[PDB]
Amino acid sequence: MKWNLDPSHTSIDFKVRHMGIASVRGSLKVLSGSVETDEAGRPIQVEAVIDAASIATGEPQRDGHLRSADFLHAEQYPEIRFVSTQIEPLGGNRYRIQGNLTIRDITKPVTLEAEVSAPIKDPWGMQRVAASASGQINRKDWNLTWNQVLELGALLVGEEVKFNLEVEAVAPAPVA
């Protein structure tokens, strides 16, 4: 069965190390996505489209820099895209999702560790299901570089981008 991601209750949150002593946190908004489940209700395929211009870290000048031609170039590349290539059930509600993540013109493999909830009938007719997932990427894999950075050799802006997803997905009534 096909579930559609609800952009209003899906969150993408990320963290990057700053000067080795702290983290900068940010978010991205999802535009759309879906999950297909097999007869057993295990997720088999998942895809999402993310609004690149939505990147937000709570400082407008920094967010401008992130969106600029110097970094994400969100005017030329309005989306970040994820498409799964393999989903492995791990037991219980756990799944490992391998997929391809596109940022600008570069696509690289990423791994998500996901946990899925039991579906509910929501207060408005629809079937609704949630999931949480975690992972990390190295921004340099997408040629997203930063600076002349110097501290001891250390980094102003870390290479690793840790992220957490909270997802809600929906399907029509007992009838699709």
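Throughout, we count residues from 1 along the sequence that is shown.
Legend: mean Cα B-factor per stretch from the PDB entry, 149-157 versus 10-18; the higher mean is in 149-157.
In this entry, 118-126 shows the higher mean Cα temperature factor of the pair 31-39 and 118-126. Which of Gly26, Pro109, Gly135, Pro60 has the largest Cα B-factor in the deposited entry comes down to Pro60. Within the selection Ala69, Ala48, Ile55, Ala131, the deposited Cα B-factor values reach their highest point at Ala69. In the PDB entry, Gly99 places in the lowest third of its chain by CA B-factor. Per the deposited record, the Cα B-factor of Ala173 falls in the highest third when ranked against the other modelled residues of its chain. The deposited CA B-factor of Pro89 belongs to the middle third of values across its chain.
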